[PDB]
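Okay, here we've got a single chain as structure tokens, the form solved without the partner chain, with questions on binding and movement later.
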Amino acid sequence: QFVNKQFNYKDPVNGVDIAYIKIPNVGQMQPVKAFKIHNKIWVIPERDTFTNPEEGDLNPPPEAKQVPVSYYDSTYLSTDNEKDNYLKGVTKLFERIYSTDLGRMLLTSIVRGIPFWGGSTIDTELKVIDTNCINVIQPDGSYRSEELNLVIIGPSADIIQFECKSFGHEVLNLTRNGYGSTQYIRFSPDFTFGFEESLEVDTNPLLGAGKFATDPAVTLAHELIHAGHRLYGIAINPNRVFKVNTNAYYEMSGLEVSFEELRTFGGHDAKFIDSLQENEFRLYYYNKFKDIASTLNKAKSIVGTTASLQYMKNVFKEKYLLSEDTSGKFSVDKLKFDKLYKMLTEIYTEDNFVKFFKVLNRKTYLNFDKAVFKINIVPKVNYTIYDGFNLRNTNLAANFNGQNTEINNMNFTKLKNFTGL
């Protein structure tokens, strides 16, 4: 079991795993109630009005601009009951991901993926990077800094814009230099997307109303895979995009999909990135792990009193699977690097999780969303850790009937259609 406490949103704060916290954003903010569901992983059941100064409220953009696939509701996730349900929904989804061998591996890699202590401007000293921590209000009212890897937070204005956010460094590209950084995942367990079972229908923008619902566990896993990349500093620059020439409608609109998203989906999508660049990326991040080992070897003392130099050097030797001689000098073994790189990029994919969940799912990232549904996964009669919607020993166990929004219509309320627009 991944989440040892069944938190209720109204549980009293203790300054340990139920606390009012502040996020290291450049602006001001009122403390927000947060829940530590696992070592290094916190959940904030609030709409993310914090990580991005440009998204400080919940109203859509009124400047003759509006993205087609979007959904707005400024009251969602504003009541204590919604926040309680959000917390239990997210918890349930982590347990579902933890219930599979692949999910356990991913969550283990994510917990191990401590953002690198590269904040020191002096080579002989190892120092944390402040924006990889939160500030936790203690029972005496004072703040203490706590390192963390992952935050699950509510979506911003656009409810169905699920994405990873993280704080940048002035000089460093933390998500693409091997360092990594604390990841804020905007996510909701209260909505899901509809897709079409037929491939030609799913990839056509004019057809389908979204007969089947995506298992939210897959959506979170997709998100967590992205966070794994960025926590290990191997995320592919989103400016590297594949000019889709395999879907006449994508080409018609000149749609480009980032290599990072094709990689995350896996399956055939990941094959659109040809060998020459794949090799280039691998070699690029292999060197970054070399510079990390070269930084560790120069560090002779540590900054602060939270942990010893020896301990932090070992934390990063285990994160990056470095090699260590008797004198403590670290190096990167190409074999072990390729092992970890492939693990994070090819083993952890959305298409692989589909196999472990035994759910129905979009066959490619290169499709067209059909509709968005309101769901409630907290009741065991709706959704279980082990089966998602396809509850065993009911009519929903077979043929993914649980995700069939026409057969299981009581579990889905269609809110918006995207076909045609």
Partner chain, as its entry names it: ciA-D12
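Residue numbers count along the first chain shown, from 1.
We do not show the form solved in complex with the partner chain, though everything after this point is about it.
Remark: residue 405 does not count among the residues lining the partner chain in the deposited bound form, judged by a heavy atom distance of 4.5 Å or less. Although the partner is absent here, residue 376 lies well away from the partner chain in the deposited bound form, with no heavy atom inside 4.5 Å. The shortest heavy atom separation between residue 95 and the partner chain in the deposited bound form is within 4.5 Å. Although the partner is absent here, residue 384 sits close enough that one of its heavy atoms falls within 4.5 Å of the partner chain in the deposited bound form. No residues of 285-302 lie near the partner chain in the deposited bound form, the criterion being any heavy atom within 4.5 Å.
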